[PDB]
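Student: Got an experimental structure here, sequence first:
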Amino acid sequence: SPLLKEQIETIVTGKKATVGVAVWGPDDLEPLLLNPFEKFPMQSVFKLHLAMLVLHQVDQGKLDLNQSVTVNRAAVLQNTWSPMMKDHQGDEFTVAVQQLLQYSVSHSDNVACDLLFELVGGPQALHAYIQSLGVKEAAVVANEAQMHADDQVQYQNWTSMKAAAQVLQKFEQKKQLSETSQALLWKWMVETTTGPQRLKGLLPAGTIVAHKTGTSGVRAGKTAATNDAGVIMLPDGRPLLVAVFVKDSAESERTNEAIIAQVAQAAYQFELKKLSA
């Protein structure tokens, strides 16, 4: 709608970054997209995608939620924080597949993440699963260790704003997972504590927001990726899919996360005055 599109460009004009935006209202037939012709590094956003595959392999009996996974502290990556590698002690411990799922979705855990990649058959297995949802504009080629070894592979774990809209589309509607896998994914993706001043930064207190953040490192004053994608519950319990991906930014963290919040707040508000038209 060409009334909402205006306030977005006042939020993004003059801002030293490439900002891709996706909004899909509850009565819109298509998402409104800004810069849909660029490839946006995902960072930990695709941990949402992986959770869909891993739980879809759970739905089809390929895996089991509390199937245990063995964990050697030596053989895992360690640069990132990993709330897992803080909770457990000793040189070796076992963690169920369910537990690696919640760690990887809410706490954006990169070790729990890669084990989920071993269990499912590696990066291209996710890639194929993304073709499987109907999403053509996305590529997933590498895992968190390969991301930590080379900081430009992140650009190859990319997605478009139309693609962000399709994954969020298939997660909102509960048509791709069992009622229990869906209810669990939402749960891990609503009770997250990550990125409170992104999509939630300017929304009323207590708004349920199911979302997954993604953030990159800062090199020479540029941040490759500062992303938050999720689903926002309107006052009437209807869905609003908002994703904001700020690419290659010469701005601050406040500026980067504020753009996300302002975009979400404009979309949140607009939907609130859209039962008029």
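Tutor: Here it is on my side, so go on. Numbers count the residues shown, from 1 in each chain.

Student: Which residues are in contact with residue 190?
Tutor: 208, 209, 210 (CB atoms under 8 Å, 6 or more residues apart in numbering). No exception for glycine: its C-beta is placed from N, CA and C like everyone else's.

Student: and which of the residues you listed is nearest to residue 15?
Tutor: Closest approach to residue 15 among the contacts of residue 190 (CB to CB): residue 209, at 22.9 Å.

Student: That closest one and residue 234 touch, don't they?
Tutor: No. In this structure, residue 209 is not within contact of residue 234 by CB atoms under 8 Å, at 11.2 Å.

Student: Which residues does residue 40 form beta bridges with?
Tutor: The bridge-partner assignment for residue 40, based on DSSP bridges, gives residue 159.

Student: count of neighbours near it?
Tutor: Residue 40 is surrounded by 31 other residues when neighbours are defined as other CB atoms under 10 Å.

Student: Show the contacting residues for it.
Tutor: Residues in contact with residue 40 (CB under 8 Å, 6+ apart) are 18, 20, 158, 159, 160, 161, 164, 225, 227, 245, 247.

Student: And it, how far from residue 136?
Tutor: The spacing between residue 40 and residue 136, counted by CB to CB, to the nearest Å, is 15 Å.

Student: Then residue 88?
Tutor: Residue 88 is 40 Å from residue 136, where distance means CB to CB.

Student: Now the residue nearest the centre of the chain. Nearest residue, chain neighbours left out?
Tutor: Taking CA atoms, centre = their mean, the centroid of the chain lies closest to residue 45, which sits 2.7 Å from it. With sequence-adjacent residues excluded and distances taken as CB to CB, 6 or more residues apart in numbering, residue 45 is closest to residue 214, at 3.8 Å.

Student: What strand or helix carries residue 211?
Tutor: Using DSSP states H and E, residue 211 sits within strand 209-215.

Student: Sheet partners, orientation included, of the next helix or strand after that strand?
Tutor: Moving toward the C-terminus from strand 209-215, the first helix or strand encountered (DSSP H and E) is strand 218-219. In its sheet, strand 218-219 lies beside strand 222-233 (antiparallel), with partners assigned from DSSP bridges.

Student: roughly how far is the partner strand from the heart of the chain?
Tutor: 7 Å (CA atoms, centre = their mean, to the nearest Å).

Student: Show me what the helix or strand following that strand is packed against.
Tutor: With elements assigned by DSSP H and E, the helix or strand that comes after strand 222-233 is strand 239-249. The helices and strands touching strand 239-249, judged by 3 or more CB pairs under 8 Å, 6 or more residues apart in numbering; DSSP states H and E, are strand 18-24, strand 40-41, helix 161-172, strand 222-233, helix 253-272.

Student: Just the buried residues of the first one, please?
Tutor: By 16 or more other CB atoms under 10 Å, the buried positions in strand 18-24 come out as 19, 20, 21, 22, 23, 24.

Student: what number of residues lie near the closest residue to residue 42 other than its chain neighbours?
Tutor: Nearest residue to residue 42 in three dimensions, chain neighbours excluded: residue 157, at 5.0 Å (CB to CB, 6+ apart). When counting by other CB under 10 Å, one arrives at 29 neighbours for residue 157.

Student: returning to what we had before: surely the residue nearest to residue 45 touches residue 230?
Tutor: No. Taking CB under 8 Å as the definition, residue 214 is not a contact partner of residue 230, at 11.1 Å.

Student: So between those two, which is more surrounded?
Tutor: residue 230 (28 against 25).

Student: tell me the contacts of residue 51?
Tutor: 101, 104, 105, 116, 185, 188, 189.

Student: can you put the residues you listed in a markdown table and add secondary structure?
Tutor: Written out in a markdown table, the entries for the contacts of residue 51 read as follows (DSSP: H, G, I helix; E, B strand; the rest coil):
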| residue | secondary structure |
| --- | --- |
| 101 | helix |
| 104 | helix |
| 105 | helix |
| 116 | helix |
| 185 | helix |
| 188 | helix |
| 189 | helix |
